[PDB]
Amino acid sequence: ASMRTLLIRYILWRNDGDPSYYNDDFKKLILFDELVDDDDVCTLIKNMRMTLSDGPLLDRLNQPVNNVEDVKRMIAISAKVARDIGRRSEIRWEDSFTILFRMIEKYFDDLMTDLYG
């Protein structure tokens, strides 16, 4: 419930890069970036620009999640796509969050352990 709020704030901050909205709470989440190849991101961005939509990101977030590693990768690709699509992108972020949390809510306990245990 802290996780829901934190991940929303984190993905919105990666989107706009406004440093008045930075928070040290994000530092441990930035470390998930190593799980994600920047060519998978570059391809997603190209597909979102070709479809003029979050469509391809929603498809990536609907891919199944089996463990905390898949969760960290799903948060990281959300974050990298949020940064690289640019602050002007009129994305319904609530639609991405709805799917992200449907897939990773089960693992919120396992994720708080990995971060703060």
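The numbering used is simple: start at 1 and walk along the sequence shown.
The stretch 23 to 31 shows the higher mean C-alpha B-factor when 51 to 59 is compared against 23 to 31 in the entry. Taking the PDB entry as given, 32 to 40 carries the higher mean Cα B factor of the two stretches 32 to 40 and 87 to 95. The PDB entry assigns the greatest CA B-factor among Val68, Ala82, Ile45, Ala76 to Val68. When the modelled residues of the chain are ordered by their C-alpha B factor, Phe108 lands in the highest third.
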